[PDB]
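Reviewing the structure listed below.
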Amino acid sequence: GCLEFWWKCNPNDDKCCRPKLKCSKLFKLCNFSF
């Protein structure tokens, strides 16, 4: 199970779904395509 396409995250300990997303420093949340 993972988080959403825009949940808090950390490149040293994130958990956003990995189907097509990645943490984003822009707001400290995970994002990428959708």
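Residue numbering restarts at 1 in every chain; chains get A, B, ... in the order shown in the structure tokens, and ligands count up from 1 in that same order.
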For stretch 15-28 of chain A, work out the shell of residues within 6 Å, counting only C-alpha atoms and skipping chain neighbours fewer than 3 positions away, then give it as a PyMOL selection string.
-> chain A and resi 2-4+8-9+31-32
Output file for the selection above: N, CA and C atoms, as a PDB file, in the first residue's frame:
```pdb
ATOM      1  N   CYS A   2       0.479   2.271  -0.703  1.00  0.00           N
ATOM      2  CA  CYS A   2       1.294   3.513  -0.752  1.00  0.00           C
ATOM      3  C   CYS A   2       0.429   4.734  -0.436  1.00  0.00           C
ATOM      4  N   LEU A   3       0.984   5.908  -0.561  1.00  0.00           N
ATOM      5  CA  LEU A   3       0.204   7.143  -0.272  1.00  0.00           C
ATOM      6  C   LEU A   3      -0.583   7.574  -1.513  1.00  0.00           C
ATOM      7  N   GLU A   4      -0.812   8.849  -1.664  1.00  0.00           N
ATOM      8  CA  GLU A   4      -1.567   9.337  -2.854  1.00  0.00           C
ATOM      9  C   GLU A   4      -0.602   9.972  -3.856  1.00  0.00           C
ATOM     10  N   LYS A   8       2.668  13.939   1.615  1.00  0.00           N
ATOM     11  CA  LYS A   8       4.034  14.295   2.092  1.00  0.00           C
ATOM     12  C   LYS A   8       5.001  13.198   1.658  1.00  0.00           C
ATOM     13  N   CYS A   9       6.261  13.497   1.561  1.00  0.00           N
ATOM     14  CA  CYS A   9       7.222  12.443   1.129  1.00  0.00           C
ATOM     15  C   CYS A   9       8.653  12.809   1.514  1.00  0.00           C
ATOM     16  N   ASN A  31       4.728  13.699  -6.439  1.00  0.00           N
ATOM     17  CA  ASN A  31       4.000  14.004  -7.704  1.00  0.00           C
ATOM     18  C   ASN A  31       4.827  13.590  -8.913  1.00  0.00           C
ATOM     19  N   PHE A  32       4.233  13.653 -10.066  1.00  0.00           N
ATOM     20  CA  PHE A  32       4.952  13.287 -11.314  1.00  0.00           C
ATOM     21  C   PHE A  32       4.024  13.431 -12.523  1.00  0.00           C
TER      22      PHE A  32
END
```
If you run DSSP over the backbone, which residues in chain A end up strand (DSSP E or B)? Put them as a list in words.
->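 Checking each residue of chain A, the strand (DSSP E or B) ones are residues 8, 21, 22, 23, 24, 29, 30, 31 and 32 of chain A.
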Using C-alpha atoms, can you export the residues from the last selection as an mmCIF file, in the first residue's frame?
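Once everything was written out, this is selection.cif:
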```cif
data_model
loop_
_atom_site.group_PDB
_atom_site.id
_atom_site.type_symbol
_atom_site.label_atom_id
_atom_site.label_comp_id
_atom_site.auth_asym_id
_atom_site.auth_seq_id
_atom_site.Cartn_x
_atom_site.Cartn_y
_atom_site.Cartn_z
ATOM 1 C CA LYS A 8 4.034 14.295 2.092
ATOM 2 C CA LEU A 21 5.123 9.264 -8.940
ATOM 3 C CA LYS A 22 8.033 10.627 -6.897
ATOM 4 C CA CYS A 23 8.472 12.955 -3.891
ATOM 5 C CA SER A 24 8.563 16.638 -4.912
ATOM 6 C CA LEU A 29 4.693 16.094 -1.482
ATOM 7 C CA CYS A 30 4.881 13.291 -4.060
ATOM 8 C CA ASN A 31 4.000 14.004 -7.704
ATOM 9 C CA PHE A 32 4.952 13.287 -11.314
#
```
